[PDB]
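# Results of the structural survey
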Amino acid sequence: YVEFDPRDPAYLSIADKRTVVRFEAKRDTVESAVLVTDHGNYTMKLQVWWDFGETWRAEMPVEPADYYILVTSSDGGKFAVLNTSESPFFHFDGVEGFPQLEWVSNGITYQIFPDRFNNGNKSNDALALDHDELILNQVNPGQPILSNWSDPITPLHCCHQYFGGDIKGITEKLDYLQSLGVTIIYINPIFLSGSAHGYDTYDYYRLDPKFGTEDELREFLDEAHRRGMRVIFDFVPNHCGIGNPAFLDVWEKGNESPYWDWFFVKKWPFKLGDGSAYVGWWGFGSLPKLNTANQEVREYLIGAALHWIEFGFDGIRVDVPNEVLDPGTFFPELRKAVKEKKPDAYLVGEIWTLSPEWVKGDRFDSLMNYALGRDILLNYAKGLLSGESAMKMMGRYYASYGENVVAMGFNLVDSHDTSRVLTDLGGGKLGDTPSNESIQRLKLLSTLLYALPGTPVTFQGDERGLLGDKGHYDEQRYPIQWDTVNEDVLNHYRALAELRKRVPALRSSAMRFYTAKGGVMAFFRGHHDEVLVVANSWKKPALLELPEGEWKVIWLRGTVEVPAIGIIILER
Ligand SMILES: [Ca+2]
């Protein structure tokens, strides 16, 4: 049994100016393998493994080549991996189909929830209540809440309670972000919307006055650019809000409205907000579902994305892509339109699962990798998953995604829709004092992020040592208090950021597995196995034997004592 497919990025991909060839086998059934090519031969070694399977990799420069793999079995076997019979050798085109974005591999990412980050312009706080959803909603009407920066949390905290945060607030904090090394910024929705989060877009072409004018945003984009930063904006194509004029046209016109084809109206006439009268997102009358399968709707939304790419944004983030109708004709056209206007653009989709079909080269450049950071890395840092189970989950991740996809992965652990990682690690609830144990796990989880291929993503204020339970009215979205700091956690993230810049092996795409003893999780980093990352998730110090050679600690010989809830990075 051997699996191999050059058409799929998981087995053949171009990363770090090299051609990465990988095949799948059964666990503990291969002793050696050699990637034999046209005048050239390279040894293959296993890089990841899981429950029932392994993956061996080899690298070679980007060059047209014919090749086959010679696998030596465990029980003294010898097989040749060929295809067909009239053409046994494989053929690599040498061409680049799925390029790896270098500016995503080397950058640090910071996620900004604008209304809760920094209020740099108090004049626009009142501009939130006119078009707020609770005012327009004929069913379930309400009254939004305007409050100060340090006010207590209310049931409307997730949306319809506004604290002020605007675009001029992040502009004034660019000096703070590059102190953290931040090179990429992911901004939440900012278009005309009736919520605090902004996922009920009214006009995809107009900035919302809650966060600022177009000139304040132009000043934000330009000031971030000259500091060498890129900004990704949030795109919500699947559904809009009840204040969207195209939806209001359907509201009092019905079949008279030309925009009737854009929606799925069940009953007409209807009162705004009735989930039973039109299809919404999860049946919610607040978020009427857009007919993305319609050609008029598709080009309008693609036209809005190109407008804001043309405006200055360097990439797009797509809300709920798995709910967009006809994904085989929407995202291929979305990607084709955005890659023409800016071939250096970053396309990241919100898929919370390990799904390679979204990163095959025709839709997204990367997924919001919850399947890596939250799914398996957060659980490990909690002291609950062993090293064996953790690595076995990582083995599935890294064997299913092309190495070029992994090298530009949007590697986040929490966001605006989850509790803060310091709370997940047992640090407490908002208002409490974080236990020093949970900070030992927060440094462990952060160092795991900043050592893997891709870009590490940090939610706003996680570098400040904050708490927040999603179950208590979305405490993760409490505004940042800029007069309080956990200077230890702040300088911790600063030291990780420069470490990632000092050591080019952490930014590379090549990572190889070592072993895993109980709580110990060890893996190599770099193309020549220069760096070894050893971690320990349990409360007791473990004993580990090192790979061959002498190692320089950056974050020795023989066997070592990896500390409890500790993470060490070594080099040769
Ligand atoms: Ca404001």
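Residues numbered from 1 in each chain as written, not as in the entry; some residues may be left out. Heavy atoms only, no water.

Its PDB header names X-ray crystallography as the technique used to obtain the model and reports a resolution of 2.800 Å.

## Some thoughts on the overall build of the chain
Spelled out, the test is: Strands are runs of DSSP state E lasting at least 2 residues, helices are runs of H or I lasting at least 4, and numbering of each runs from the N terminus. With C-alpha atoms as the basis for the radius of gyration, the globule rule is written as 2.2 Å multiplied by the number of residues raised to the power 0.38. Only protein chains enter the area calculation, which uses a 1.4 Å probe; residues under 20% of their type maximum are buried, those over 50% are exposed, and those in between are partly exposed. Here, Shrake-Rupley sampling with a 1.4 Å probe gives the accessible areas, and only protein chains in the shown set may cover a residue. As used throughout, the charge tally considers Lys and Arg to be positive and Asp and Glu to be negative, leaving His and the chain termini uncounted. Charged groups are reduced to one reference atom each: NZ for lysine, CZ for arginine, CG for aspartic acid, CD for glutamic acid.
A tally of helices and strands in the chain yields 15 helices and 28 strands. Its C-alpha atoms give the chain a radius of gyration of 25 Å, near enough to 25 Å, the size a compact globule of 572 residues would have. For the chain, the C-alpha atoms occupy an extent of roughly 75 × 60 × 45 Å along the three principal directions. The 572 residues of the chain split such that 59% are buried. Put simply, the chain shows about 22400 Å² of open surface, and 52% of that area lies on carbon and sulfur atoms. A distance of 4 Å separates the average location of the 57 positive side-chain charges in the chain from that of its 80 negative side-chain charges.

## Notes on the nonpolar core
We apply this condition: Think of a nonpolar core as a cluster: buried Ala, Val, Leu, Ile, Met, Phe, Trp, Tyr and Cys residues, connected wherever their side-chain atoms sit within 4.5 Å. Note on contacts: a residue pair qualifies if any of its non-hydrogen atoms lie within 4.5 Å across the two residues.
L217 and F313 are the most contacted members of the largest nonpolar core, which totals 158 residues. Here the element with the most residues in this core is helix α7 (residues 295-311); it accounts for eight residues. The residues touching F313, leaving out its near neighbours within four places in the chain, are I187, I190, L217, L221, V231, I232, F233, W308 and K342. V520, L532, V534 and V560 belong to the second-largest nonpolar core, a separate cluster that totals 12 residues.

## With respect to the coordination of the calcium ion
Put simply, the rule reads: Distances up to 2.8 Å from the metal define which N, O and S atoms are donors, and 3.2 Å serves for Na, K and Ca; water is absent from the atom set, so sites may look incomplete. Only two sets of limits are used to name each site, 85 to 135 degrees for every angle of a tetrahedral four-donor site, and over 155 degrees for opposite donors with all other angles from 65 to 115 for a square planar four-donor or octahedral six-donor site, with any other site named irregular.
The protein atoms that coordinate the calcium ion are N119 (OD1), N121 (O), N124 (OD1), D125 (OD), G164 (O) and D166 (OD), at distances of 2.3 to 2.5 Å. One way to put it: the six donor atoms around the calcium ion meet at angles of 68 to 162 degrees, and that makes the site irregular. Taken in chain order, the donor set of the calcium ion reads N-x1-N-x2-N-D-x38-G-x1-D. Here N124 and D125 have matching classes, each one buried.

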